[PDB]
Amino acid sequence: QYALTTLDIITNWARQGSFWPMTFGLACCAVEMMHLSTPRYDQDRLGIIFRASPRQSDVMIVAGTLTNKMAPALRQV
Amino acid sequence: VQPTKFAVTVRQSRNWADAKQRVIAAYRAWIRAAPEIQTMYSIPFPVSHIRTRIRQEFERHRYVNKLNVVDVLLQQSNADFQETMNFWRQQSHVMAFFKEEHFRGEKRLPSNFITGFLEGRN
Amino acid sequence: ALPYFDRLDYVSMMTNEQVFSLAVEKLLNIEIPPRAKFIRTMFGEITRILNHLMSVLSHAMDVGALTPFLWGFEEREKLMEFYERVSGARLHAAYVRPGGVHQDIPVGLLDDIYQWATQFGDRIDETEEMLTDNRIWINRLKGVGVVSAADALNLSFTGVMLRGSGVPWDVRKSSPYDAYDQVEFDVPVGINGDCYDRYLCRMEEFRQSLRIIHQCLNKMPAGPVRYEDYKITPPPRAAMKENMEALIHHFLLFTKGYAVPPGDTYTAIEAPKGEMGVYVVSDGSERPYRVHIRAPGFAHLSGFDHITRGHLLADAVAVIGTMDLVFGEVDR
Amino acid sequence: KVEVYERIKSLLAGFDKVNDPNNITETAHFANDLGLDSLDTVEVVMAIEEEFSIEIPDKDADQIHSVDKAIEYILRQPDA
Amino acid sequence: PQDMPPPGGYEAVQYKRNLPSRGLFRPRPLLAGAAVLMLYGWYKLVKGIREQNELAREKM
Amino acid sequence: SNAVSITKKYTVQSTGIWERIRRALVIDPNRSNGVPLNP
Amino acid sequence: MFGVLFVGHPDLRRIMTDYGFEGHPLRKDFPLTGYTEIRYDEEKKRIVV
Amino acid sequence: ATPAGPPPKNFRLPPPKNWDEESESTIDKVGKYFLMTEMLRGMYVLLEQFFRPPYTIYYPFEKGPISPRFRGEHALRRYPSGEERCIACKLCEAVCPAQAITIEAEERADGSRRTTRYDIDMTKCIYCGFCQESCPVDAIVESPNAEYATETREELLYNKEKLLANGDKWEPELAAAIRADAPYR
Amino acid sequence: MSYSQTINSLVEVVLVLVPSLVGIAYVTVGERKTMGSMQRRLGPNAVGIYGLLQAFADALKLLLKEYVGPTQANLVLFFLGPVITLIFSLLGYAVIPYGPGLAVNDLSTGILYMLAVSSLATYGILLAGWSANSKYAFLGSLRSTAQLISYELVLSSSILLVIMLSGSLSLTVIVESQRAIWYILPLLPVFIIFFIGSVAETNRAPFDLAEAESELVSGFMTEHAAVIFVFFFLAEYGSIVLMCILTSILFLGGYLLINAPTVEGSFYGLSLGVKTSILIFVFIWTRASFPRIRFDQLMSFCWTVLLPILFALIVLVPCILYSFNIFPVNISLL
Ligand SMILES: *P(=O)(O)OCC(C)(C)[C@H](O)C(=O)NCCC(=O)NCCSC(=O)CCCCCCCCCCCCC
Ligand code: SF4
Ligand code: SF4
């Protein structure tokens with residue numbers, strides 16, 4: 001049991017320590033999202049790196065108004 | 001043509017003879033494209049089933065006797081044709097055109113009075 | 001409907017709400033108080049700097065120049081504090097309304113803006129240290145996205161997309177609004193109509209915006225910030241709890257709204273991304289019959305084919321960035 | 001040619017909008033003899049175009065109104 | 001009262017372009033500097049290789 | 001000149017040996033660092 | 001938005017609405033929320049109107 | 001292009017200068033090209049920034065500044081006696097630009113005009129402060145709180161119980177923010 | 001000899017390879033922190049003390065992420081490119097002298113060994129883009145292969161000038177021959193060209209189209225998930241460190257400085273490390289300082305600026321050597 005928690009802690013520490021979002025920056029929320037990478041907050045200090053493609057990404061941040069015309073693209077990524 | 005692949009400049013029909021040619025021309029392009037439409041959107045229906053839908057769409061407007069209304073329907077047909085042959089539509093858009101693929105069925109209205117009444121206005 | 005304008009060009013919130021306030025004020029047939037005019041002009045140029053910081057630097061980041069974007073977004077943080085001090089929002093202030101502005105500025109804001117103003121010139125200069133003379137930057141922008149002065153007018157280009165091609169034209173100069181007739185500033189104009197000229201116009205617009213803000217700090221008059229008719233602007237909360245007339249006018253303005261005389265108007269301002277206009281039709285009631293928004297980014301992106309046909313795919317990122325393109329403006 | 005006609009029967013007889021099979025001739029007309037309205041005719045020429053794997057221009061298609069007219073038209077076209 | 005400017009008025013702030021030239025990036029001293037390092041290096045390289053060549057003589 | 005004095009720009013200044021180092025090394029000693037003063 | 005034809009226009013197509021959208025939303029008789037809406041269906045494994 | 005009237009003085013540019021006529025020496029021209037002088041100058045700027053203090057704050061141990069006007073999580077307030085401030089005027093429900101508020105009301109058991117339903121759909125609310133501006137009794141306010149992200153969307157459908165509890169917890173901030181900004185309201 | 005040969009080779013390999021990967025891991029952490037200080041920010045400071053565990057978090061996250069391969073084109077071919085790139089990117093460390101002769105393989109043809117293993121690494125990039133079965137990403141990987149071979153010509157032309165000075169391809173002899181003078185002074189233009197070529201050879205900014213996502217057609221490396229990303233990224237940082245080590249070897253005097261065996265070895269290792277670290281810092285410094293060059297411009301820079309200068313230097317330098325009677329001896333000396 002203790003071993004399996006240790007791997008649990010280890011694998012979770014890696015998921016938290018390298019948190020790579022794929023920012024689907026649809027609208028004005030993307031501006032506040034973009035301000036998390038800037039010097040005042042510097043998400044990189046915590047290990048957050050924004051990623052352009054979904055293939056390299058662990059988290060999807062839907063930051064913006066999702067229109068019907070755009071929904072198929074969001075489901076695809 | 002010039003602006004994008006299947007772009008047709010908006011023009012009025014000169015007369016009823018002119019309009020009929022365009023309508024037949026529009027139908028011909030539609031049913032010709034039906035094989036490509038199937039494989040391009042991976043439609044789970046045979047080209048026969050798709051081509052029937054094309055005729056019914058043209059048959060809803062078979063009784064139009066007004067030239068200006070025909071020009072409107074022709075412009076709509078060209079716009080739908082372009083956005084289909086260009087892969088601008090998505091499978092969800094074309095699949096929604098086939099009324100059978102709604103989870104409540106295609107007979108979405110009551111057959112007669114008593115079936116709709118027993119279920120509660122359909 | 002006013003907060004709907006914050007969310008069109010959503011890095012230029014106060015000028016977006018400025019254009020709708022001016023159009024409604026025109027149909028209301030009211031002259032706003034002088035202090036409101038100076039506050040709106042002052043926040044107009046603060047919002048122009050916020051926009052150009054987003055536009056120029058993110059355009060620089062798209063072609064590979066990571067660092068200026070980091071430096072300048074700390075400047076954005078400082079100016080977003082001024083937006084949060086006046087309203088209670090970082091972005092969607094809903095601050096400029098028909099009749100003036102929502103509330104007056106807190107008593108220590110002007111000096112805090114002044115302190116930021118004494119150091120902003122250096123921030124502009126350090127940005128120009130990395131880009132203006134850099135041969136990679138020049139080779140990425142010079143001769144790219146050229147449009148002639150004649151075609152820019154026929155394509156509906158406004159703002160920097162028009163002034164970069166040599167046409168001297170600014171809505172603040174040609175049709176003055178708020179307090180821009182009471183301030184001194186120069187209009188940067190390019191000559192080659194390319195991405196490099198449009199970059200240099202925007203860098204100089206930084207300095208003229210700061211020059212206007214300093215004049216607004218010294219010319220700020222005393223008085224009310226909302227037109228003084230409680231049939232249009234809400235009364236002060238102390239008046240609303242004190243006298244019968246004020247309470248009625250408060251009740252009606254927040255349930256029915258003020259009635260706007262019937263008619264229509266096209267009102268345009270020099271927004272940070274070019275000529276922003278709004279076309280409003282009033283039917284005499286408290287709801288607008290029709291609101292159409294003229295977004296400069298809509299006209300600019302409609303010209304993408306004209307400016308890019310025959311050119312390299314590797315220059316498309318340069319002209320997408322040379323157009324100040326936010327798609328809340330484009331699509332609405 | 002005669003090989004085209006034997007292929008012509010393969011589709012007209014299979015068409016479900018014919019008034020009665022075996023009514024086909026060497027010169028039968030779609031409208032007068034076979035009872036085909038306008039669009040059913042548009043579909044028949046499109047089925048022939050598929051068989052000979054040659055696209056038919058809309059003006060040429062308007063000219064085609066009879067079994068013989070199609071047999072004559074396909075022979076002129078090089079592809080088959 | 002209200003937020004107002006100081007009675008004198010706020011002092012002028014810098015807004016005009018300030019990217020002054022500096023001697024660390026003028027090309028003439030840089031070219032002179034580069035030439036001296038190359039000239040000094042070739043002087044040391046002639047002396048170095050000639051010595052290395054004499055060491056091969058002794059070793060052989 | 002174009003530049004205003006660093007002594008009038010509302011930013012944290014350097015002092016002592018570090019101000020002399022700064023005036024000797026930076027491209028323009030009148031340029032502020034953008035850090036606002038807490039008082 | 002309005003369904004108005006412009007004769008002589010090259011490439012008169014929709015610019016704002018979704019592909020295959022039915023109706024002209026800025027008509028006074030067009031209702032505010034329109035007629036239809038979308039969602040993801042887990043049987044069809046795709047979006048459905 | 002130019003305004004009507006005579007051409008602006010000196011609007012026409014002088015003719016282009018040939019290579020021969022450039023007022024810049026060859027050695028300087030060749031030196032900048034091969035030595036990349038302006039690129040070296042830009043690199044030197046980065047070293048200057050490398051030794052300047054960073055702007056980063058260590059959130060959540062430190063926080064960025066907010067004002068008494070800041071618009072965050074909604075709350076329902078009381079009088080000092082503990083009576084609800086809300087009297088079901090429906091001004092906030094009418095002014096709401098997003099239709100996020102739903103209210104029902106009758107006479108309370110004591111005959112007082114009070115609400116029975118007070119819901120705010122936090123997934124409809126645009127955080128504009130219009131309700132707080134329209135309220136004649138200071139009943140609906142936006143708290144300074146912004147850290148209330150939730151696991152499910154249903155947790156963002158606030159009813160009257162959730163909103164009155166929020167006002168009970170945040171009241172000293174709510175009074176302080178009202179105290180600072182009420183002169184300007 | 002004293003102990004078993006196999007034991008010696010085990011220990012010597014472990015001493016070079018293991019601390020190398022530790023250094024490559026912290027070059028990525030140092031890149032983030034150096035650009036951050038330059039960007040008025042902190043960079044990684046939370047994953048481990050002072051952010052010292054950040055690269056290990058990144059690697060473990062990617063190694064436990066799921067891989068999304070192509071539409072079953074081939075299992076072997078898909079991994080074949082990434083495997084080749086990593087192995088041959090790391091193979092060049094085996095001839096680096098951490099002191100006179102202190103290399104895994106003290107090879108007399110060592111310079112040519114380094115050139116060969118770099119040429120074999122470009123295959124993995126090209127074999128990856130094709131295997132992705134996406135004609136868009138293939139063209140980017142094709143452009144990246146064109147840039148790598150073109151600037152390989154720049155590096156081997158620069159290296160030929162250094163061999164003329166030392167008369168040897170042994171990395172040790174090149175370093176010993178700099179006790180006379182570091183080659184950066186006599187060959188100053190060559191050092192600048194070689195450093196620029198090394199940045200281009202590593203797909204590093206301002207030559208970074210391979211990973212550029214903002215450029216519309218660029219970003220071939222941007223479609224690499226899980227293990228494949230780890231392979232390509234490790235290979236790139238591994239090549240960055242090796243191009244900085246080789247630059248110090250050829251121009252900055254290698255392990256040379258400015259009685260016990262342990263301390264002599266430590267000082268030689270430290271001097272090589274200090275010089276390598278400075279070039280890694282400059283390497284990070286240029287990525288943060290410049291915008292990105294277009295593909296057509298970077299190919300024109302190589303073929304119409306750098307190479308014509310190098311081929312001119314290939315004529316001049318041996319003429320100077322002959323004119324001053326300084327053609328070196330090619331026998332085993334030093
Ligand atoms: P024949 O005598 O049988 O009929 C000839 C006509 C049709 C001309 C009539 O006799 C007639 O007189 N009609 C009056 C005028 C007319 O024809 N109206 C114009 C109608 S155009 C029209 O209906 C266009 C509709 C196109 C729809 C195509 C299918 C829908 C798109 C989706 C395709 C499937 C999914 C990808
Ligand atoms: S919160 Fe205020 S405005 Fe809304 S119903 Fe209660 S008293 Fe009226
Ligand atoms: S903040 Fe604005 S949107 Fe939200 S409930 Fe109050 S009035 Fe409605």
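Below, each value reflects all heavy atoms present in this structure, side chains not excepted, and no hydrogens, waters or symmetry copies. First the proteins, then the strands, lettered A, B, ... as listed; each starts at 1.
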I'd like a table of the N/O donor-acceptor pairs between chain C and chain I - cut-off under 3.5 Å, distance only.
| from | atom 1 | to | atom 2 | distance (Å) |
| --- | --- | --- | --- | --- |
| C:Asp62 | O | I:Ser214 | OG | 2.8 |
| C:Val63 | O | I:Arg292 | N | 2.8 |
| C:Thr67 | OG1 | I:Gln39 | NE2 | 3.1 |
| C:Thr67 | OG1 | I:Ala288 | O | 2.7 |
| C:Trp71 | NE1 | I:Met38 | O | 3.1 |
| C:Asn139 | O | I:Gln297 | NE2 | 3.1 |
| C:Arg140 | NH1 | I:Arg292 | O | 2.7 |
| C:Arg140 | NH2 | I:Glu215 | OE1 | 2.9 |
| C:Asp315 | OD1 | I:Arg294 | NH1 | 3.1 |

Can you tell whether the side chains of C:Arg163 and C:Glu204 come within less than 4.0 Å, N to carboxylate O? no

At a 4.5 Å cut-off on heavy atoms, which part of I:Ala288 comes close to chain C: side chain, backbone, both, or neither? both

Looking at C:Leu312, C:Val317, C:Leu131, which has the largest count of heavy-atom pairs under 4.5 Å with chain I?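 Heavy-atom pair counts peak at C:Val317.
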
Would you say C:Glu275 and C:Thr158 are linked by a side-chain donor-acceptor pair, where the criterion is simply a distance under 3.5 Å?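 C:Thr158 vs C:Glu275: no donor-acceptor pair found between side chains.
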
C:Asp324 and C:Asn51 side chains, donor-acceptor separation under 3.5 Å: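 Distance-only check passes for C:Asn51 and C:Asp324.
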
Check: I:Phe283 ring centre within less than 6.0 Å of I:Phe195 ring centre: yes

Select one option (side chain, backbone, both, neither) describing which atoms of C:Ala314 are under 4.5 Å from chain I's heavy atoms.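 Backbone plus side chain of C:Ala314, per the 4.5 Å heavy-atom cut-off to chain I.
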
Where on C:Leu313 is there a heavy atom nearer than 4.5 Å to chain I: the side chain, the backbone, both, or neither? side chain

Taking C-beta and beyond as the side chain, do C:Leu301 and C:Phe327 meet within less than 4.5 Å on heavy atoms?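 Side chain of C:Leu301 against side chain of C:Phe327, heavy atoms only: contact under 4.5 Å found.
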
Counting only N and O atoms by type, is there a donor-acceptor contact under 3.5 Å from the side chain of [X] to the main-chain atoms of [Y]?
X: C:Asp194; Y: C:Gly143; result: yes
X: C:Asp9; Y: C:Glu329; result: no
X: C:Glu84; Y: C:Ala89; result: no

